[PDB]
């Protein structure tokens, strides 16, 4: 387990970029929007309409989710045809193409380039969320398979934190360096191009997908570190048998069989309960929300939510195992509804009380803290536990489509719903946070 580190460290670089790309468009919203109006001026001798400047910037962040959907749809296409390692390596192309489009979008005076780059890197991120968990699982010793699989979540949450830090006026969240803020992703990509070619190919890919029974020996000994691996090798040949038993059902057969229509409904909802709860309302627009409240140094409060998120993710790991799943998803769904209530108060009494902007900070700090123990991980700890090795694939793909879709709904509609509800937006999240509470209380079984 010495070369094992390099193989994992090179893989998590994708999940770091996943988090970084999820939250670079938070702090620098004001500056890029100014570039949008300045570009609109140069083109049509006209100041941009505030409603278009809204739907346009919303499209700039939301189109990323569209890409993630297509990406998550294409995981299996590349992963079995080209292997796990080689897929992660070649798909660094999208990151490099993306970084150029976004980094040079200012010099090119084109919000299209920024939008188009945002879309592509989204595709990379939708593919990455399927490469990294699969590769780290098809490489780790069975014992460490649980722990090492954690790093995907950590990379995502840490990646968000780094993007929020770099989004300060001091570093790159300003008028001169926001193109470098979106482009810096090329450094992670370059680091993954240097590393990966030295990393091993998935033994399972060599063994099953490629029939390289003895070439798979070579990886396991250098990788697992030990001398021989007749324990590990046979373990893979037991899963391959168990997995090839029941015919893999397709997405189509999943909808049509009334045997699956109840658990699939539970899955899709648990996914909707993650995105429509409204965390990406903060992780996309935190800096904007805090400002509307009346917070000095709002970006720092966004860095705050990022730090809280990382802390409560390290915590969630020690809790999910030592407690039940049905309880945690309700504990989180409730604490979020409460914080969403806390928010609304601090957002109404602020016009009168100039200090509730401190309560709004606590509101979101706890709003994300409760998400990271409930609606965050559990939706995945249930889908895999609701299905066997036959329908679990098609279930994951559907649940993934549900996640990206509801993610696209918040990212694209939150600002449109904000210009109507005033300080009552989080009521909508509090409404849903209740409906989801009701649903999981009666219709979700414990596992």
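Positions refer to the first chain, counted from 1.
For the C-alpha atoms alone, is the average B factor greater in 91-99 or in 356-364, going by the entry? Higher mean C-alpha B-factor in the PDB entry: 356-364.
Would you determine, from the values in the PDB entry, which of 393-401 and 62-70 has the greater average C-alpha temperature factor? Averaging CA B-factors over each stretch, the winner is 393-401.
Among 221, 152, 118, 106, which residue carries the highest C-alpha B-factor recorded in the PDB entry? Max CA B-factor in the entry, restricted to 221, 152, 118, 106: 221.
When you compare the CA B-factors of 49, 31, 56, 413 as listed in the entry, which one comes out on top? Of the candidates given, the C-alpha B-factor peaks at 49.
Tell me, lowest, middle or highest third: where does the Cα B factor of residue 317 rank within its chain? As the PDB entry reports it, the C-alpha B-factor of residue 317 lands in the highest third of its chain.
When the deposited Cα B-factors of this chain's modelled residues are ordered and cut into thirds, is residue 20 in the lowest, the middle or the highest one? As the PDB entry reports it, the C-alpha B-factor of residue 20 lands in the lowest third of its chain.
Comparing residue 189 with the other modelled residues of its chain, is its CA B-factor in the lowest, middle or highest third? Within its chain, residue 189 is a lowest-third residue by C-alpha B-factor, going by the deposited values.
Within-chain third of residue 286 by Cα B-factor, per the entry: Lowest third of the chain for residue 286's C-alpha B-factor.
Comparing residue 112 with the other modelled residues of its chain, is its CA B-factor in the lowest, middle or highest third? It falls in the bottom third of the chain.
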